[PDB]
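Listed next as structure tokens is one chain, alone, in the form deposited in one PDB entry.
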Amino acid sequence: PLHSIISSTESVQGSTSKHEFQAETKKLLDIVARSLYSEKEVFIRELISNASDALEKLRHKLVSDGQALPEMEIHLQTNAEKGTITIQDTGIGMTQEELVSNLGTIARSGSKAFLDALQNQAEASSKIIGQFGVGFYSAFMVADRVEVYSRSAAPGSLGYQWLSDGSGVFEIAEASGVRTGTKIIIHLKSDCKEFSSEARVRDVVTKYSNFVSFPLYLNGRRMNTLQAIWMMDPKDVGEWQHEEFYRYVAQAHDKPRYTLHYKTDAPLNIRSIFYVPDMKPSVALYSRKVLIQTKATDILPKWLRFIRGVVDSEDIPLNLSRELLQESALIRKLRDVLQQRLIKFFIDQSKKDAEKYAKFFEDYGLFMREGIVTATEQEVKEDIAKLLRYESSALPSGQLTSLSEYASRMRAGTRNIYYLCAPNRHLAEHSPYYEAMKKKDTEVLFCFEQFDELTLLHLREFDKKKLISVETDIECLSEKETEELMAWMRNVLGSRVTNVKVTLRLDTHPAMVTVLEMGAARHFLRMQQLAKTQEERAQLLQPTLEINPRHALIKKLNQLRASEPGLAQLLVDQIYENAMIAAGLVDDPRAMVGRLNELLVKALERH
């Protein structure tokens, strides 16, 4: 029964006091430097972001005041002997009260205040990175003492000094000889001395700060060399630049078969490039030219993970650890827009180049099939379904058709789409479920790839037309002499073959095999790898055999049945084997090799 203690017999009989929220700083520093960032290496990323923000501030101030632009670069210095990493820029710089307000206060960012006083949102609002005010304190998880030397770019400002150890106290002083900008000296912790190595610093800078708007120098060498091609015009960027850019973001060496430069910003300011790898079997997320996460499996659907590239947006919501605010109230709109655009782009690619898209299909067909089954909204499934290509009975072999054009030639009277799932076209065209509708002039799609039977049930509908599985619907030998041959073949092949029938549509093949139970035909293929014992093969599927008397081999078996019964008994098994191979029910015909080899030696005994 009901059991609750919630009640409203409670009132207020006190005096309304006025307390302002407090915040102890020791635990805040401990949280920032111990339990805020997943990886220890992001401190140089945050420092480079601060340097880039300072350089952007100086550039904006200079262009607003209308004078020359001096050298503005970020210099990373690493001294292995001293165990220190030094970052220095030529940004705006910071004064006494500026240092006290920005560096000495948690969550207080001067970048946000500068952005609020910009009132244009077009000059540098999309380039200022800092928004939280805790980025600098990420340097304390690697350093036992941080030395910051800054001097404002104002005409007359004096240099200052900033010492701290992360214990809630910082000793700011006065320094002379400070060059314009900010010079941050970091003395690494005993357990964090590995950041005093040039290799690690270069690796982290390439991982995070490879696309900084300003020159980045590590030990005196410029090492950015990547001008963020996702930010320029799609027509201005050449195709050759896309080749190495894909090799960088995807960490591959091949070429991209497709390249989509998406820049339309209806929901969010998106500057993204999407690549499709050539290697038949994961998009980098960026915010203001700073990497957020490499995998970024949240912005794109799981079935779209096969594409590579970059997605850059300056309006995405970021976590305090500068990572993606996954499953935010706003990110889901971006996922649908990206998903619809790629589907629209793929559809356009199919029309522009059918053969290229057809080749592209089997490389990543399992991804589209995965999308339909894992999709929740039915309308979403219809979008991916437009990307599917299938072979049709009314169209010759080797060419594929999509669902949309299949319904284009669909009869007006009928309302449902018929699809048949078979290992290959040859066996599909002979199944009795297929010619059941061949009496009428209907058209059926032939399904070949695996998991394709799985997705059609989940799709269950296309363009208001239901998908109906066909399975669930339900010169020549004399006639007299051919029949007596049929009875003999039903004795020697009694177990394997249910019945043998005459075929009038053969030119050079002595015999094929036909199945009644395509549901169990795939069972035969899956058991080829394991437990393909010949004796048990007959009971599993019970294959049916069809032959033509016009063939020479069939015409030869007439005399072989009596003159050489031993050779005939081995040849009829061999003819059955080739029928199995031609229809594709057997992947590797290793079993027939042993019997074929001994068949040939007595096939030439009189030569």
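If you superpose the two forms and keep the largest set of C-alpha atoms that fall within 1.5 Å, you have the rigid core. One-based numbering along the sequence shown.
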Q. Thinking of the other compared PDB entries, is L530 one of those residues unmodelled in at least a third of them?
A. yes
Q) At least a third of the other compared entries lacking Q539? A) yes
Q: Between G413 and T414, count the deposited residues left without coordinates and pick a bin: none, 1 to 3, 4 to 9, 10 or more.
A: none
Q: If the chain runs straight from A266 to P267, say none; otherwise bin the unmodelled deposited residues as 1 to 3, 4 to 9, or 10 or more.
A: none
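Below: the form deposited in another entry, not depicted.
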Q. Can you tell which of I347, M231, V502, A358 moves its Cα by 2 Å or more between this form and the one not shown, with the two forms laid on the rigid core?
A. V502
Q. Fitting the rigid core first, would the Cα of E98 be found 2 Å or more away between this form and the one not shown?
A. yes
Q: Examine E243 after superposing the rigid core and state whether its CA is displaced by 2 Å or more between this form and the one not shown.
A: no
Q) After a core superposition, would you say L158 shifts its C-alpha by at least 2 Å between this form and the one not shown? A) yes
Q) Relative to what is shown, are the Cα atoms of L400 and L525 closer or farther apart in the other entry, where the gap shifts by 3 Å or more? A) farther
Q) If the CA atoms of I468 and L516 move by 3 Å or more in the other entry, do they move toward each other or away, so closer or farther than here? A) closer
